[PDB]
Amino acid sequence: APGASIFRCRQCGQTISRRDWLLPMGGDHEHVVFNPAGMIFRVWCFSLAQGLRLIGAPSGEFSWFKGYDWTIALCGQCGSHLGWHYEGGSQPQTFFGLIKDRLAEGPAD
């Protein structure tokens, strides 16, 4: 009965990722960053995620992770902005950076 197992959208409960899938990018799964609009995000890196909808084509502009280009990742169910999918880089080629406070963590399905 683990209670710290899967991550769902906080707004609607769509299944999104798992604690087992946390990915330590440059030594830490947690990256605290800010965008050009000055919004600060506590980004957790995950090797994998599901239930999102990747919007548009990738961009390298302002990327927080050197070598990676990003696409906005919305909750596929409700449209909540959950984070970004990163691609085009190395080791790994791809991963998700998800905004921690926009997810709810709980027991497995």
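Residue indices: 1-based, along the sequence shown.
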The stretch carrying the higher mean Cα B factor in the deposited entry, 99 to 107 or 3 to 11, is 3 to 11
Per the PDB record, is the mean Cα temperature factor higher over 54 to 62 or over 68 to 76? 54 to 62
Can you pull the Cα B-factors for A49, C45, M39, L82 from the entry and say which is highest? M39
Chain third (lowest, middle, highest) by recorded CA B-factor, residue given as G89: lowest
